[PDB]
Amino acid sequence: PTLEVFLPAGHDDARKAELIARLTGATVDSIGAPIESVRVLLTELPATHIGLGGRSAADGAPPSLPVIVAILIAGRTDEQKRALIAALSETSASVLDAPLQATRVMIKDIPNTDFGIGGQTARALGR
Amino acid sequence: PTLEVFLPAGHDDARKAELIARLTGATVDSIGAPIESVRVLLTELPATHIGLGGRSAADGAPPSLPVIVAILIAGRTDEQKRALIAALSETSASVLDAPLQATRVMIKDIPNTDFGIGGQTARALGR
Amino acid sequence: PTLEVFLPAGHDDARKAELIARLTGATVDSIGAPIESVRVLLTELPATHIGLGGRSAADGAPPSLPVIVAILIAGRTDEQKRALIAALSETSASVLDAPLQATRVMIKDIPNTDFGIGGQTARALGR
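Basis of the calculations
- Residues numbered from 1 in each chain as written, not as in the entry; some residues may be left out.
- Chains lettered and ligands numbered in written order.
- Heavy atoms only, no water.
- Contact = heavy atoms within 4.5 Å.
- Buried area = accessible area lost by both parts, 1.4 Å probe.
- Salt bridge = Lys/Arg side-chain N within 4 Å of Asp/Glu carboxyl O.
- Polar contact = N/O pair within 3.5 Å; in protein donor to acceptor, adjacent residues only side chain to side chain.
- Helix = DSSP H or I, 4+ residues; strand = E, 2+ residues; numbered from the N terminus.
- Buried < 20%, exposed > 50% of the residue type's maximum accessible area, 1.4 Å probe, protein only.
- Core = buried A, V, L, I, M, F, W, Y, C linked by side-chain atoms within 4.5 Å.
- Least-squares fit on C-alpha atoms.

- The PDB entry annotates chain A as 4-oxalocrotonate tautomerase originating from Burkholderia lata.
- The record deposited in the PDB is entitled "Crystal Structure of Native Fused 4-OT".

Listed below in structure tokens is the structure:
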């Protein structure tokens, strides 16, 4: 699985490492992915680059991050996704001290014909 | 809705804020999302990170219009999507003094099982 | 590296597998990433979702795909990035039978503090 996490700029290395550790744990627990297959990509945004309701965070918008994109090989059930969504949301909210209501998760379900690892498709690899 | 706007570096904070405000308004008009639900994420990239036709601006490609990825919960109609592409594109061209002809919008539908709002799935809510 | 390729829906599995293999080789050649580290996700788009000039592909827009978002651990040189943009663009255009001028590449650099592999940061792992 590959997570892209949009978060406010400013957090220190220890907090970011903790975010990575905890979101990875949340993923492993939720959808049973091998821990070494979980990739986390943190994308920091300045307040001037974050908008909610047409207002920038620099101009006082309420919190709107983290937004997490979770890229998964197709196959997880609806209720497994529901569990993933709950776990990533509560974990990222806790670590970053963000309101849970502000979190958003978007799963991108990728057909096994449409996903490549090492140049080989997930379908080729039996996934 | 969440818009990720891939933006070449160089615009000042006022133009970024104007873009956030006007893209948000275009989204509200075209697909009728509650304004408070519209998120804009500006992904500002150096010219060396942006390829057009196989080259960066630094290697001779013409300047880049924004590329907007519009992430929607599944369920918007074809007419709404048509209106969204037009509105976001006209707004981009107007705000950035740029050719309408080169504006880009890519819509990604997320199934309601795959979308998370405050830790709950869209489907589990009324969506 | 993590590549997301926006492409028209409807390509057959053989062509998608070829695209994944060839984009992977292009990435290894260009920036020297270990082949097993290269992940590719294809994001298929309906023609009504693909906007250029404020009109969708289904509504008569000129070719505008493939668009590739390449997320890299930071540290690649401008020359490496130039090579990557060229190779990804030429390869994806060739495989998908698309015009080179339609292609776009967007590179996101992730600091090694912001990149996770198996719950550990790239910096932790000596990357």
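### Focus: the interface of chain A and chain B
Next up, step 1: In this complex, chain A contributes 32 residues to the contact, which on the side of chain B involves 31 residues.
Next up, step 2: With both chains or domains summed, chain A and chain B bury close to 2,500 Å², and 58% of this area falls on carbon and sulfur atoms.
Next up, step 3: Contact with chain B buries surface across chain A, with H49, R104 and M106 of chain A losing the most and accounting together for 24% of the total.
Next up, step 4: Between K81 of chain A and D114 of chain B there is a salt bridge; the shortest N-O distance is 2.9 Å.
Next up, step 5: The interface formed by chain A and chain B contains 10 residue pairs in polar contact.
Next up, step 6: Breaking the side of chain A that touches chain B down by element, the ones donating at least two residues are β3 (50–52), β4 (55–56), α2 (78–96) and β6 (104–110) of chain A.

### With respect to unusual backbone geometry
Residues and elements named next belong to chain A.
Next up, step 1: Of note, the bond from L65 into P66 is cis; its omega dihedral lies within 30 degrees of zero at 5°.
Next up, step 2: A positive phi angle, close to 55°, is found at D97, a residue other than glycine.
Next up, step 3: By the secondary structure assignment, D97 is in the loop between α2 and β6.
Next up, step 4: For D97, a relative accessible area of 73% gives the class exposed.

### So, the nonpolar core
Next up, step 1: Grouped together as the largest cluster of nonpolar side chains are 41 residues, with contacts concentrated most on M106 of chain B together with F6 of chain C.
Next up, step 2: What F6 of chain C contacts, discounting residues up to four positions off in sequence, is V69 and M106 of chain B together with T43, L45, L65, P66, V67 and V69 of chain C.
Next up, step 3: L19, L65, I85 and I107 of chain B belong to the second-largest nonpolar core, a separate cluster that totals 24 residues.

### Considerations on the relation of the copies chain A and chain C
Next up, step 1: Between chain A and chain C, which share one sequence, the superposing operator has a rotation angle of 180° and an axial displacement of 0.2 Å; the RMSD is 0.4 Å. Given the turn and translation reported, the copies of this chain are related as if by a two-fold rotation axis. Closest to the rotation axis within chain A is the C-alpha of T2 of chain A, separated from it by 4.4 Å.
Next up, step 2: An overlap of 94% is found between the interface residues of chain A and their copies at the interface of chain C, pointing to a shared contact surface.

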